[PDB]
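> Below: the sequence, then the experimentally determined structure.
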Amino acid sequence: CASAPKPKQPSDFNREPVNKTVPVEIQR
Amino acid sequence: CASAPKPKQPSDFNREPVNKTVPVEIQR
Amino acid sequence: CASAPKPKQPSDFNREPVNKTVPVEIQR
Amino acid sequence: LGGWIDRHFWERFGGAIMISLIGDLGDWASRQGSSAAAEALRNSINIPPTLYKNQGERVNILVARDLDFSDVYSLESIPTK
Amino acid sequence: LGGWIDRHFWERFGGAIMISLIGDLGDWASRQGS
Amino acid sequence: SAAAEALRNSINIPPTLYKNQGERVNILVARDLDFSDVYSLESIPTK
Amino acid sequence: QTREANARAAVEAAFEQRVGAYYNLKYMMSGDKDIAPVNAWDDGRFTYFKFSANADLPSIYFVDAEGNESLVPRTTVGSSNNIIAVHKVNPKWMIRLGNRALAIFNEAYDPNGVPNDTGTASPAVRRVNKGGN
Amino acid sequence: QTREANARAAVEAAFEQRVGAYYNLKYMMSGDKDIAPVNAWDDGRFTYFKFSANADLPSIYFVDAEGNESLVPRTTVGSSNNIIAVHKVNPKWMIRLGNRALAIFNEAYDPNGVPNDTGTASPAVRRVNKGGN
Amino acid sequence: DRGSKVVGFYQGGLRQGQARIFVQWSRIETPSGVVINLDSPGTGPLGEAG
């Protein structure tokens, strides 16, 4: 009748790139 | 039917700066 | 009454060749 | 650590509930011609709960002793400029 | 040190209350055959 | 009571767990595993 | 033995130096004003709350996006132990003492921060691995 | 002992040189942007998530085609310990911290990848069998 | 390496109210011959014990 809840599932609406700038570890 | 109470939540109305004067540890 | 569920059976619809290109382990 | 507790209500009380209900239905059917429940409960009643804590939960460790890092680190000044 | 005390009333008396209520409900329904 | 006699005998039957094949699992290493005696590294010469 | 003593002398000097730091003083507060600090600021790594001499030192907590509170380690600094330096920079904090609660808001929160490339609280002292092994 | 010292020196030189690496930056995210990394990329073998200085390092999980999560091994790299390097290249990732979740999407997933003929993380360092037996 | 064969074992069965068995993984054998005795607990896909 009751089951263990799942964790929060992220909303799939505000999809944007992670990388605004190229990392320095790429040496760029 | 009963749950452990929460601590007092501060009222969010009297919002004012902490720093009336610059601290002396800033050397000012 | 209740029996142990079988594992998922693959659908027999999208039957396509495995080998798109000849392996290099056949030395070709 | 704490999370969602499963108390196993049905696994503890369903044997007794179903035994009592079937006994009452049988009595009603026999009368309409015109203890097992306690023993099931005695056996199914002591089932400890189960805790479920999800992944990514934030927790703490409250250090119970003094931790000593003298042998693995040392401090050297970085020269100016 | 003292604070708020949870006494677990339901975990202590819900088995008894549910069992008694279901027993009496079944008895009532069985008597309702007539 | 015959019903209670049958129940008293056959009520404690432990469950059985059916885990299919191909399921993914983990192994959470409980001790330090040391591979010093069986591997060694060497730089691959350039070009 | 000469190198170790000179090294720790230089380390102590470099710690007490504290040169080239940026201080953020944009802090607001709302709640039970009687447990309030007289000053709050941060240097990009720690957050400091200065309390007056006659005020009890309250307990300071870390508030995340959902409003939950969690413990944060603190060290008590200052000449008269009047400053509590928490080891984190955060947008919102909660101060509690008894049944009174005060909320502190960081109104110039810098998500990026400054990296800890050295391993110490100072950019002029390095933590080097001694144990080797 | 002399051969071993030269071998170790060449091994470290080859690990650090890191030449002939192709980097993928086609990563999107959607979810709780407060635990978002400032950068994410992969080199063909590992995936790196760089976090800012003030951000708590979250927990990162592996999401398969049915949507189920599983643990993936990670190593924390970078000068200031700001990068999490997970040992797999996958199309979708889940990042969790407390009760906030952020999903990372690899928009240029290469199923083929590059094979590991050497047994190390580098194409210029071999892993050879010492134990004989 | 990948494809290393791990071998474990379980025993003792389940009790009432339990839905997970404890599995101990005992040894792993790399495709190249290496053999190491890891006596580690076997967990689910997300580390849940058993």
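It's in. Numbers count the residues shown, from 1 in each chain, chains lettered A, B, ... in the order given.

> Could you count how many residues lie near the residue in chain D positioned nearest to chain E?
Going by C-beta to the nearest C-beta, chain E is nearest to residue D:24 of chain D, at 3.6 Å. For every residue, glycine as well, the C-beta is placed using N, CA and C. Residues near residue D:24, counting by other C-beta atoms under 10 Å in any protein chain shown, number 19.

> if I pick the closest residue in space to it that isn't next to it in sequence, what's in contact with it?
Leaving out its chain neighbours, the residue that sits closest to residue D:24 by C-beta to C-beta, 6 or more residues apart in numbering or on different chains is residue E:26, at 3.6 Å. Applying C-beta atoms under 8 Å, 6 or more residues apart in numbering or on different chains to residue E:26 gives the contacts D:20, D:21, D:23, D:24, D:25.

> before we move on, what SS does the second one have?
Same thing as residue D:21. Classification of residue D:21 using DSSP: H, G, I helix; E, B strand; the rest coil returns helix.

> For residue D:14, see how far away it is.
Per C-beta to C-beta, to the nearest Å, residue D:21 is found 10 Å from residue D:14.

> now do residue D:29
22 Å.

> need the residues of chain I near chain F, please.
Within chain I, the positions near chain F by C-beta under 8 Å from any C-beta of the partner chain are I:6, I:13-16, I:18-21, I:25, I:34, I:36, I:38-47.

> Tell me which helix or strand comes right after the helix or strand containing the residue of chain D closest to chain E.
Assessed by DSSP states H and E, residue D:24 sits inside helix D:9-31. For helix D:9-31, the following helix or strand on the C-terminal side (DSSP H and E) is helix D:36-44.

> Just checking: what are the partner strands of the following helix or strand past that following helix?
Of the helices and strands lying after helix D:36-44 in sequence (DSSP H and E), the nearest is strand D:50-52. Using DSSP bridges, strand D:50-52 pairs in its sheet with strand D:4-6 (antiparallel).

> Which single residue in chain I comes nearest to chain G?
Per C-beta to the nearest C-beta, residue I:36 is where chain I lies closest to chain G, at 21.7 Å.

> Which residues does that residue form beta bridges with?
residue I:28.

> in chain I, what residue is nearest chain H?
Per C-beta to the nearest C-beta, residue I:45 is where chain I lies closest to chain H, at 4.3 Å.

> Tell me if I'm right that that residue and residue H:70 touch.
Yes. At 4.3 Å, residue I:45 counts as touching residue H:70 under the criterion of C-beta atoms under 8 Å.

> Can you report how many residues neighbour the closest residue in space to residue G:96 that isn't next to it in sequence?
Leaving aside its chain neighbours, residue G:96 sits nearest to residue G:59 (5.1 Å; criterion: C-beta to C-beta, 6+ apart). Here the number of neighbours of residue G:59 (other C-beta under 10 Å) works out to 13.

> Give me the nearest residue to residue G:30, chain neighbours excluded.
Counting by C-beta to C-beta, 6+ apart, the residue nearest residue G:30 is residue B:15, at 4.0 Å.

> quick one: the one you found from residue G:27, how far?
Distance from residue B:15 to residue G:27, counting by C-beta to C-beta: 11 Å.

> Between these two, which is the more surrounded one?
Set residue B:15 next to residue G:27 and count neighbours by other C-beta under 10 Å: residue G:27 wins out with 21 against 14.

> Report the separation between that one and residue B:18.
4 Å.

> what do the two both touch?
Joint contacts of residue G:27 and residue B:18 (C-beta under 8 Å, 6+ apart) are G:40, G:104.

> Residue I:10 touches residue I:20, doesn't it?
No. Contact between residue I:10 and residue I:20 fails when scored by C-beta under 8 Å: they sit 10.5 Å apart.

> Can you report how many residues neighbour the residue of chain G found nearest chain E?
Distances between chain G and chain E by C-beta to the nearest C-beta are smallest at residue G:99, namely 12.1 Å. Residue neighbour count, defined by other C-beta under 10 Å, stands at 8 for residue G:99.

> and if you look at residue I:30?
Residues within reach of residue I:30, counting by other C-beta under 10 Å, total 16.

> Close to chain H: what parts of chain I are there?
Proximity of chain I to chain H, by C-beta under 8 Å from any C-beta, involves residues I:1, I:32, I:33, I:34, I:45, I:46, I:47.

> cutoff 7 Å now
Where chain I comes near chain H, counting by C-beta under 7 Å from any C-beta of the partner chain, the residues are I:32, I:45, I:46, I:47.

> before we move on, what about chain G?
Residues of chain G lying close to chain H (C-beta under 7 Å from any C-beta) are G:64, G:65, G:66, G:89, G:110, G:111, G:112, G:113, G:114, G:115, G:116, G:117.

> Pull out the buried members of these.
G:64, G:89, G:110, G:113, G:114, G:116 (16 or more other C-beta atoms under 10 Å in any protein chain shown).

> Take those and write them to JSON lines, including distance to chain F and secondary structure.
Formatted as JSON lines, those follow (distance: C-beta to the nearest C-beta, whole Å; DSSP: H, G, I helix; E, B strand; the rest coil):
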{"residue": "G:64", "distance to chain F": "28", "secondary structure": "coil"}
{"residue": "G:89", "distance to chain F": "34", "secondary structure": "coil"}
{"residue": "G:110", "distance to chain F": "38", "secondary structure": "coil"}
{"residue": "G:113", "distance to chain F": "33", "secondary structure": "coil"}
{"residue": "G:114", "distance to chain F": "35", "secondary structure": "coil"}
{"residue": "G:116", "distance to chain F": "28", "secondary structure": "coil"}
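
> Including distance to residue H:127, could the residues you listed go into TSV?
Shown next, in TSV, are these (distance: C-beta to C-beta, whole Å):
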residue	distance to residue H:127
G:64	43
G:89	43
G:110	43
G:113	38
G:114	39
G:116	33
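
> Just the closest of those residues to residue H:95, please.
residue G:64 (14.8 Å; C-beta to C-beta).

> In contact with that closest one, which residues?
Applying C-beta atoms under 7 Å, 6 or more residues apart in numbering or on different chains, we find residue G:64 in contact with residue H:98.

> Ok, residue I:44 next?
Shown in contact with residue I:44 (C-beta under 7 Å, 6+ apart): F:25, F:26.

> do that again at 8 Å, thanks
Going by C-beta under 8 Å, 6+ apart, residue I:44 touches F:25, F:26, I:20, I:50.

> which element is residue 9 on?
Using chain A. Here residue A:9 is assigned to no helix or strand, by DSSP H and E.

> wait, chain G
Using DSSP H and E, residue G:9 maps to helix G:2-17.
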